[PDB]
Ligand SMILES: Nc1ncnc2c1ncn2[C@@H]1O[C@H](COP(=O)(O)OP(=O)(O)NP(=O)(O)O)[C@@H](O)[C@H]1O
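Next up is one chain by itself, shown in structure tokens, the form deposited without this ligand.
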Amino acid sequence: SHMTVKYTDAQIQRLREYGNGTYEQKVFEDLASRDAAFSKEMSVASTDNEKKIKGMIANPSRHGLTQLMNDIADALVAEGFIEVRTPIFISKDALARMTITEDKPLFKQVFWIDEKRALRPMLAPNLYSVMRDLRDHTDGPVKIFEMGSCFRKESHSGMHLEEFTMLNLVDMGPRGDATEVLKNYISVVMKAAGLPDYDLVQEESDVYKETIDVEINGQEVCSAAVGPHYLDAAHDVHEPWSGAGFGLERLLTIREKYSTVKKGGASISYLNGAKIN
């Protein structure tokens, strides 16, 4: 049959712990060749991992996630966006205003702090407030963005990451062609993240006026949309707007070719793609 045997599922997990190669593409003739190559790639993975750690101690740099955030934010500031920073705590009434109530499945993913406050699962509740407040101070476009941790329970959503860093940009204000405005903003982020080549998926929407999803090799990377949305009235928003949400850990993982999504972000086991324990 020829080129039949791949790495086993257990072999893949062992290789990915310290290594960042693409081991799921290797094919082999028989079990002996697989085990021989597995032994060699495990040794290379562990040795390459040790070299990278010593390279960081010898020549430290900014954290890869913090570097990713600075590169995108500077590009968005240069595009006229205001960087805002909102608290991680949001109120139960803010969640309810987002239709985040019970028997709605997202409610079970929410980390509750007390009876009245919770960890934000998304940046939309606070961004809604800042959008409306800035409309009172200008009649031109309201262009804001925030990068910050969001929290969702793993055992109700998958997602693999309970804490994840989101980037959400918003351009509130009527546009002659909000789609081109959206695609230009996505291009600004994707080039600044170091991922200039990607795929766009444009579909008409039920709740929004138009959605735009960004793909890289079939992987979901960004979900954008053109307003209005049926939740705009609940937040005293009554004008067109376009926005885009980016998972920054997911962007960093794809750019740096990390084998899992838990290596580039916040961790006590990993540091910039290398396992320190």
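Just count from 1 along the sequence shown to find any residue number.
Comparing the deposited coordinates for 120-128 and 179-187, the stretch with the larger average C-alpha B-factor is 179-187. Set 195-203 against 88-96 and average the Cα temperature factors; 195-203 ends up higher. Residues shown: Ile144, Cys150, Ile72, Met159. Highest C-alpha temperature factor in the entry: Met159. Among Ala45, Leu248, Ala37, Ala225, the highest C-alpha B-factor in the deposited entry belongs to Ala225. Ranked by C-alpha B-factor against the other modelled residues of its chain, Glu239 falls in the middle third. Sort the modelled residues of the chain by CA B factor and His63 lands in the lowest third. For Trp112, the recorded CA B-factor ranks within the lowest third of the chain. Only modelled residues enter the ranking. In this PDB entry, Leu106 carries a Cα temperature factor that places it within the highest third of its chain's modelled residues. Among the modelled residues of the chain, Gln13 sits in the middle third by CA temperature factor in this PDB entry.
Another form exists, solved in complex with this ligand; not displayed. Remarks below refer to it.
Using a 2.4 Å cut-off against backbone and C-beta atoms, this ligand, superposed onto this form from its pose in the bound PDB entry, places no atom that close, and the site is open. Only one segment in the set 232-240, 219-227, 48-56, 27-35 has any non-hydrogen atom within 4.5 angstroms of this ligand in the bound PDB entry, and it is 219-227. Only one of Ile88, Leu161, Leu195, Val188 comes within 4.5 Å of this ligand in the bound PDB entry through a heavy atom, and that residue is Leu161. For the chain shown alone, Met166 is a contact residue for this ligand in the bound PDB entry, at least one non-hydrogen atom being within 4.5 angstroms.
Residue contact check for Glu180: none of its heavy atoms lie within 4.5 Å of this ligand in the bound PDB entry. Put simply, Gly64 is far from this ligand in the bound PDB entry: not one heavy atom of it is within 4.5 Å. Put simply, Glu154 is close to this ligand in the bound PDB entry: some heavy atom of it is within 4.5 Å. Shown here without this ligand, the chain has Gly245, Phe246, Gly247, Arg250 in 244-269 lying with a heavy atom within 4.5 Å of that partner in the bound PDB entry.
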